[PDB]
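The structure appears right after this line, and notes come after that.
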Amino acid sequence: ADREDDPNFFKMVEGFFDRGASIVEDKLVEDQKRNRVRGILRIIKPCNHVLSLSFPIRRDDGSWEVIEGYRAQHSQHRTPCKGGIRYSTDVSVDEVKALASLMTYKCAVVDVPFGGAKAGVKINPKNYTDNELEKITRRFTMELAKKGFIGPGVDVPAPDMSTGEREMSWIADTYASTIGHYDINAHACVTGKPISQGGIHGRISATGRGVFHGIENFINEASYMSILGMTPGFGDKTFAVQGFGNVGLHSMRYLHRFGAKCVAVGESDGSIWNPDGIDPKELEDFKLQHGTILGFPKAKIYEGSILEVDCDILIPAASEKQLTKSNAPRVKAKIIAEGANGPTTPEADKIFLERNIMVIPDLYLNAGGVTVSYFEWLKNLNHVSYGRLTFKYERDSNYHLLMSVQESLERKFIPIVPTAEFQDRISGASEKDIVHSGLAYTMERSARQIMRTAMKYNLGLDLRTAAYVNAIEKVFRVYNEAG
Amino acid sequence: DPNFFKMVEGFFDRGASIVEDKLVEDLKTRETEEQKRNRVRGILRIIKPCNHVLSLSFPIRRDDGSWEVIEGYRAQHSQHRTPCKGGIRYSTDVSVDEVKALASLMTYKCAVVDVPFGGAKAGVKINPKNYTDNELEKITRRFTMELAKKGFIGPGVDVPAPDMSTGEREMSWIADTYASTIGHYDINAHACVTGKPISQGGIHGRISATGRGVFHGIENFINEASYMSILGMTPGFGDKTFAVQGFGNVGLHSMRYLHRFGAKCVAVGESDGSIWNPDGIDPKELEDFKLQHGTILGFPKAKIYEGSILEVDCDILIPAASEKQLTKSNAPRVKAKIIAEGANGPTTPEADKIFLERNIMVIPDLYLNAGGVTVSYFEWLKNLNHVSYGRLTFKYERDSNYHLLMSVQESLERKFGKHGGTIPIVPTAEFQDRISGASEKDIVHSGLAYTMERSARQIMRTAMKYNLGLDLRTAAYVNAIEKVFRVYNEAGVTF
Amino acid sequence: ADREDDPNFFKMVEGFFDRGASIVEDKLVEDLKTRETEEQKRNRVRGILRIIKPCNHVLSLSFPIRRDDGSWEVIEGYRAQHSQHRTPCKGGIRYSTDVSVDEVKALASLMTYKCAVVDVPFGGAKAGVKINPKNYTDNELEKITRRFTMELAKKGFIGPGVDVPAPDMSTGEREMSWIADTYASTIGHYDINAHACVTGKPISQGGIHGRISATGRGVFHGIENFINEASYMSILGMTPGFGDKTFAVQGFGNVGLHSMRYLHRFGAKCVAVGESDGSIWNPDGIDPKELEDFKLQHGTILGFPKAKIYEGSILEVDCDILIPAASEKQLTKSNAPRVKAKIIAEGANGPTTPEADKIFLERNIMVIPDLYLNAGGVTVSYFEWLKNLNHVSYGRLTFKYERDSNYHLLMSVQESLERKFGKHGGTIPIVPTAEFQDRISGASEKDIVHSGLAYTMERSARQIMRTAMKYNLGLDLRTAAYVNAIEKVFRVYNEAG
Ligand SMILES: Nc1ncnc2c1ncn2[C@@H]1O[C@H](COP(=O)(O)OP(=O)(O)O)[C@@H](O)[C@H]1O
Ligand SMILES: Nc1ncnc2c1ncn2[C@@H]1O[C@H](COP(=O)(O)OP(=O)(O)O)[C@@H](O)[C@H]1O
Ligand SMILES: Nc1ncnc2c1ncn2[C@@H]1O[C@H](COP(=O)(O)OP(=O)(O)O)[C@@H](O)[C@H]1O
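Residue numbers (the deposited numbering), protein chains in the order written: chain F, 61 to 91, 100 to 481, 488 to 557; chain D, 66 to 560; chain B, 61 to 557.
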């Protein structure tokens with residue numbers, strides 16, 4: 061099981077909504101009037117629709133099996149709904165409802181126009197062959213489609229840590245072959261697809277790059293950094309990453325690239341530490357040939373997590389409860405960057421606020437994958453890769469501008491050519507560059523929105539409450555201005 | 066006004082008779098000359114009347130419990146371009162003839178600005194002041210339902226819009242009703258209507274669209290030295306004077322943008338009196354005065370005049386209020402050389418004739434009042450796109466500009482050496498502000514400016530082709546009829 | 061122009077609704093069992109009556125047509141849907157230069173109330189194309205019909221479950237065939253019920269058997285239902301039944317010919333027949349077969365050997381039943397006191413003015429109203445729409461089954477009697493009568509459609525009689541029919557919320 065399977069994490073999300081809703085309530089009436105505000109907040113909170121399914125599957129041995137599955141759509145204030153599919157025996161209706169609500173607020177902070185949704189199929193994928201996993205995926209797709217729980221403009225699912233791009237390809241193929249055969253946008257019913265099936269370039273590192281951009285947007289704000297007693301920028305900064313999966317590896321590689329020194333890396337099986345620094349390329353290559361980071365030559369072994377290691381930035385990059393009331397006073401980092409959902413308990417949040425430790429919340433920091441999901445759905449609607457018709461146009465304009473400067477100067481008094495970096499940007503220009511710019515822009519715009527919300531309500535370093543209040547304000551306005 | 070409907074019909078008749086002879090020559094079909102003329106006249110006869118008019122009677126339960134039968138109508142003038150496009154008026158003065166004439170006006174207005182929609186217009190025979198917001202919502206939602214069931218609202222069928230009598234809240238209710246019921250299975254359901262609030266799929270740059278269109282439309286003609294030499298003036302807004310009649314949203318925006326480019330506002334007219342100052346009137350000072358007193362009367366840096374400013378000595382006259390202002394009696398007393406119609410029908414055909422005799426250039430409403438229509442098209446496109454303009458490219462453009470400046474800096478440092486130091490190539494204060502504040506409204510404004518520039522050149526070329534001179538109104542109608550004709554002709558007129 | 065084109069006929073229909081709505085209003089508030097105050101219940105009743113009265117939707121069209129000479133022509137047309145309390149809407153299409161939006165609205169409202177009295181589940185509708193069909197070739201009439209169908213379909217004014225048009229006196233079965241063919245080929249291509257989009261179609265295109273005589277049989281059964289009722293006949297000083305009854309028919313079109321043929325078949329004697337060009341009269345009787353054969357070979361009834369010529373109408377001829385079977389204003393305040401008939405059977409829309417109705421009520425003359433008596437074609441049009449939905453002709457699978465059951469019943473009676481009385485004197489053959497044998501042998505769809513029409517007219521006559529007795533209307537059957545229609549339409553709106 062994950063932290064996203066934990067019933068205490070569902071209570072946490074509910075409590076974050078209740079806290080945010082009570083803060084916005086007084087300001088919303090100013091902008100019978102209290103009945104409309106409370107009434108709309110009461111509509112927003114619960115999931116509008118939950119579908120429970122029972123569907124047959126014929127195993128490879130010939131025997132039949134009844135599979136249990138569910139999908140919750142928290143909100144339709146923005147259609148389609150959006151949300152992953154988890155294949156786990158630890159899934160439940162309450163999980164699927166809470167994670168759907170989390171997705172409504174996560175989409176709102178990053179201005180992604182989707183209501184929240186979440187699906188779960190109660191099976192352990194390790195007990196099934198690829199053929200049986202395909203059968204489960206295709207039949208689940210059919211049952212969701214017949215009830216309005218999958219469609220390009222209705223509900224667009226996505227993969228999870230338990231599901232991948234092959235399963236998403238099967239969902240799109242089943243939908244486009246049967247129920248959505250007459251839909252020109254049938255392949256937009258699901259995201260996380262392979263490139264050969266309508267997938268988007270820049271999806272693999274989307275979450276990791278979002279964590280880097282989210283951290284970068286606060287680390288380069290001198291107002292927030294002066295409160296933490298630090299200088300702006302990644303130079304002369306130290307960081308530790310707990311959880312060395314794909315998000316942890318990507319975040320490690322991106323901070324290192326900008327001058328930050330990785331002092332410690334934590335894993336499910338032990339942790340490594342080096343105050344002089346740990347190279348991400350050397351550590352990734354070691355893990356790819358030994359299965360673990362234990363025994364890394366340029367680091368010392370430690371039995372336990374790196375949460376209390378002396379660093380500036382702590383990055384919980386694994387979906388598990390890590391920061392609690394017992395270890396929160398022992399944290400030596402000034403910034404806690406949540407690269408996964410729910411790594412800090414509400415009691416630890418309170419301790420961090422008392423200790424002047426800035427926690428960049430998961431609702432914002434873990435929304436990079438959700439942002440590039442939106443771009444993949446848009447790419448399938450557009451039916452063209454990003455930049456396909458404008459890269460050559462932009463290149464010619466750039467050359468014409470440099471030629472204009474050269475001719476003007478030769479007339480006045488001189489080769490004006492692109493730098494080695496600009497020439498490489500022009501030559502290698504592809505879809506991933508537009509997706510990366512779109513993700514960086516989204517993360518930057520949302521960081522400023524969260525900072526302005528925190529200043530409007532005098533929340534200081536309580537960025538989590540600011541992010542929830544920002545999300546609730548946006549969802550409220552859609553309901554209020556629609557009638 | 067029924068006389069305004071007769072005007073629009075007369076403008077079509079005038080334009081259709083002018084194009085008729087040239088259209089038969091351009092027909093490259095393998096037909097006899099008698100069949101070519103039958104085809105041209107036949108297509109012009111199809112274009113003129115409204116194809117469809119729907120009359121509705123629908124019930125509403127008032128807040129007091131009593132029932133009321135509401136009467137409403139919607140005319141779709143043309144389907145040569147789908148969807149249809151046009152506002153909804155809530156007024157007891159609406160009529161089927163009004164809705165038909167304004168739908169036809171919208172067909173020709175869209176054609177001059179290359180907006181791919183046929184014209185449409187709706188009217189609900191009620192006085193909105195007599196209804197609560199709850200009753201206005203009931204009327205709006207039920208009217209939406211009755212239109213949708215008969216093909217008079219839909220993202221690909223007919224896309225309504227607000228009016229002076231209706232607003233963004235009503236448009237939001239239309240989109241919400243359509244997306245909840247008839248268009249529930251449509252991914253583009255929220256594109257069924259424009260003028261929506263930003264939270265419901267509205268577009269940035271909608272509130273100042275008509276005023277910006279009045280500015281850009283005036284600009285394209287005022288920067289053309291050929292047209293300005295005929296009026297005895299120099300090109301550009303520098304050393305130009307202007308007067309605005311009607312201080313609403315269009316009057317204010319036009320006054321702001323003309324002032325920003327060097328033009329001096331000498332007079333401002335309002336429903337209750339007018340003000341005048343030959344040394345100039347500041348738009349920010351006048352707007353602040355009106356916001357705290359409800360009227361422009363008593364403005365300290367201006368003199369009061371009892372009557373309109375239409376005869377005030379200026380270079381540009383801007384009728385920015387929807388009323389008959391320029392008639393055969395006051396047209397010879399107009400002292401302006403350019404009359405910029407920032408509203409529909411402010412000049413009568415008799416006044417147009419006097420202005421042509423006096424060498425006064427009238428920039429017609431069909432062209433100059435299409436800023437809002439142009440931005441309505443972009444809002445509909447935004448809802449189809451399901452993304453705000455520039456969302457994925459602003460950071461990419463920003464990085465490319467800095468890479469461009471870095472390339473110039475490195476190339477110059479390499480050419481002139483290090484003596485005297487580095488040669489910094491940085492953005493101007495204005496360029497930096499453009500980069501930092503880059504948002505959707507800048508792309509919407511750019512598309513509106515491009516539209517007004519391309520349409521001005523099209524109207525100038527049509528006026529030169531038919532030797533119309535300063536008769537820009539006939540040139541705009543002929544331009545619109547030529548475009549509508551070509552769509553019918555190249556599609557075939559019998560299935 | 062027809063009586064259905066007359067603006068005074070539209071005012072008449074509006075006045076009939078207003079009269080009926082004021083009568084039902086007081087009784088409707090008493091029957092309301094909702095949890096509302098006695099002041100709020102009057103708002104619901106008056107409010108619903110205010111919604112029912114006007115047409116909900118009117119579509120005005122302008123569409124191009126290429127003439128056979130190559131020139132283009134813009135055609136103006138309209139279709140009004142009065143009510144959607146019952147879907148689809150139903151109503152004819154008129155091709156006439158005398159059509160107007162007001163005509164199409166009033167005739168759509170008339171069709172709503174006509175359908176309600178005969179329990180036909182359709183809201184009223186009516187279309188008009190402003191052209192004189194005599195000025196167009198069959199090819200041009202096809203072009204107009206197909207394009208008009210296309211423009212109606214794109215706006216929800218034609219479709220099997222939306223609006224089902226029908227022919228008129230100005231349109232026929234070939235035009236209906238073109239409507240169904242255009243709809244099924246383009247907009248309704250994916251609809252299994254595309255051919256149910258229009259009625260009055262030829263048999264080869266999904267038409268129903270019994271459609272040509274539908275109006276005439278409805279006039280016969282409508283008259284029959286009141287003429288057999290001894291209570292109503294004693295008030296008029298007559299005996300029940302068609303025996304020893306005399307009748308006169310004004311208008312010798314299809315309604316006039318069919319009505320005359322069925323009344324004669326039941327013992328009624330035709331004393332006079334009126335036509336657009338003069339009239340004929342014979343107090344001893346006029347044979348319908350002899351008169352029909354004469355008109356088919358001479359174009360007119362004038363000069364009929366077994367009858368005398370008369371210049372004017374037969375409205376004042378001494379008879380028991382007067383049947384206005386032509387769409388024109390015939391009975392007015394000037395000739396109503398000269399009418400010698402005791403029953404006036406309206407086989408057309410609006411032949412009697414409200415002033416003449418008042419005179420007939422004062423003279424104890426029973427007027428069987430057009431809303432009821434002219435609903436035979438409307439009833440059979442419902443059956444044609446049902447036949448297209450069913451995708452099978454009526455009786456197709458049950459005629460042979462019914463025949464075998466009838467023979468088994470007769471065999472059971474024969475065997476039981478032979479068992480009871482023995483075989484002295486022989487076998488007791490139980491065989492069908494000559495009439496029953498002919499019914500069994502000739503059993504086809506028209507027999508089921510005729511039974512369906514006869515059942516509808518019988519059930520509706522009793523409903524109108526009960527409404528007239530409930531409101532003490534006596535011989536004012538027109539008000540009873542309008543009140544009956546308004547009560548039914550009101551209940552659909554009231555019980556739907
Ligand atoms: N998931 C969401 N829920 C509610 N409001 C949203 C959501 N996503 C975006 N919005 C808001 O809807 C509006 C759409 O504005 P627009 O300029 O079209 O898009 P954006 O600026 O997000 O690219 C903004 O006010 C935005 O904050
Ligand atoms: N409302 C309209 N009615 C008729 N023709 C139109 C209309 N809007 C645009 N057109 C014409 O249709 C053509 C479409 O050209 P396109 O290049 O796709 O669009 P545009 O140049 O207007 O952006 C052009 O010739 C344009 O002038
Ligand atoms: N056009 C109509 N408008 C309103 N009510 C109608 C209409 N036609 C029928 N009704 C009523 O609706 C009900 C339907 O009853 P049902 O037994 O299904 O049909 P029917 O008895 O007419 O064959 C009856 O009470 C009937 O009187």
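Just so it is clear, CB atoms sit at the ideal spot from N, CA and C, and this is done for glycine as well.
Could you give the first and the last residue of the continuous alpha helix (DSSP H) run that contains B:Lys368? Run containing B:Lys368: none in the alpha helix (DSSP H); it sits in the beta strand (DSSP E), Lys368 to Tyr370.
Below 8 Å on the Cβ atoms is my contact criterion, and I expect D:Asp251 with D:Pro220 to pass it. Report the Cβ-Cβ distance as a whole number of Å. At roughly 7 Å, the Cβ-Cβ gap stays under 8 Å, so D:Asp251 and D:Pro220 are in contact.
Where DSSP assigns a beta bridge to B:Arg126, which residues make up the other side? DSSP lists B:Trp132 as partners of B:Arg126.
Which one of B:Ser453, B:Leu537 and B:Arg423 has the shortest CA to CA distance from B:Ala405? B:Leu537
Does any heavy atom of ligand 1 sit closer than 7 Å to the C-beta of F:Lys548? yes
Quick check: is any heavy atom of ligand 1 less than 7 Å from the C-beta of F:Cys115? no
List in chain order: all unbroken alpha helix (DSSP H) runs of 4+ residues lying wholly within the region 438-521 of chain D. Listed in chain order, they are 459-481 and 494-501.
So, at 7 Å on beta carbons, what are the nonlocal neighbours of B:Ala168 in its own chain, with the 5 sequence-adjacent residues on each side left out? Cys115, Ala140, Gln141, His142, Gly151, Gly184, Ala185 and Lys186
Just how far apart, CA to CA, sit D:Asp337 and D:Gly311? 10 Å
Near-chain D residues of the region 237-266 of chain F (beta-carbon distance less than 7 Å), N- to C-terminal order: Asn253
Under a CB-based cut-off of 8 Å, is F:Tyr467 close to chain D? no
Among F:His269, F:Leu431, F:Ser441 and F:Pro262, which has the Cα closest to the Cα of F:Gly232? F:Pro262
Enumerate in chain order the residues of its own chain whose CB-to-CB distance from F:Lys215 is below 8 Å, with the five nearest sequence positions on each side excluded. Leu119
Taking only beta-carbon atoms, is B:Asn195 less than 8 Å away from chain D? no
Selected residue, minimal CA-CA separation from B:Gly137, among B:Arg146, B:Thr157 and B:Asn68: B:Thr157
Return the bridge partner residues of F:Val189 from the DSSP annotation. F:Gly137 and F:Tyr155
Can you tell me where the alpha helix (DSSP H) with B:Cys175 in it begins and where it stops? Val161 to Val177
Three CB pairs or more closer than 8 Å across the region 526-546 of chain B and the region 428-439 of chain B: yes
Neighbour list for D:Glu475 in chain F, Cβ cutoff strictly below 7 Å: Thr493
Look at the alpha carbon of D:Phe364 and the alpha carbon of F:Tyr461, and state the distance between them as a whole number of angstroms. 52 Å
Chain B contacts from the region 102-122 of chain D (Cβ-Cβ distance under 9 Å): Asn103, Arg104, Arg106, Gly107, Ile108, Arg110, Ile111, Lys113, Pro114, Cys115, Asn116, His117, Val118, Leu119, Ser120, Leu121 and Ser122
By the three-class DSSP mapping on this structure, what secondary structure does D:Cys149 have? strand
Which of the three DSSP states, helix, strand or coil, is assigned to D:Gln390? coil
Chain-ordered chain D contacts of F:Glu462 [CB-CB under 8 Å]: Under the 8 Å cutoff, chain D gives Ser465.
Could you work out which residue in F:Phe326, F:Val315, F:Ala308 and F:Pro343 is closest to F:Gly334 when comparing CA atoms only? F:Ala308
Please list the residues of the region 130-149 of chain D that have a C-beta atom closer than 7 Å to any C-beta atom in chain B, keeping them in chain order. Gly130, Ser131, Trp132 and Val134
Euclidean distance between Cα positions of D:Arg456 and D:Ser122: A direct Cα-to-Cα measurement between D:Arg456 and D:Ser122 gives close to 44 Å.
From D:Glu371, D:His269, D:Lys101 and D:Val377, pick the residue whose C-alpha is nearest to that of D:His510; which is it? D:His269
So, with DSSP's three-state summary, where would you put D:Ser230? coil
Do you know offhand how far D:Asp66's Cα is from B:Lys93's? 50 Å
Does the beta-carbon distance from F:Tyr531 to F:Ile83 come in below 8 Å? Taking 8 Å as the Cβ cut-off, F:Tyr531 and F:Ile83 qualify as a contacting pair.
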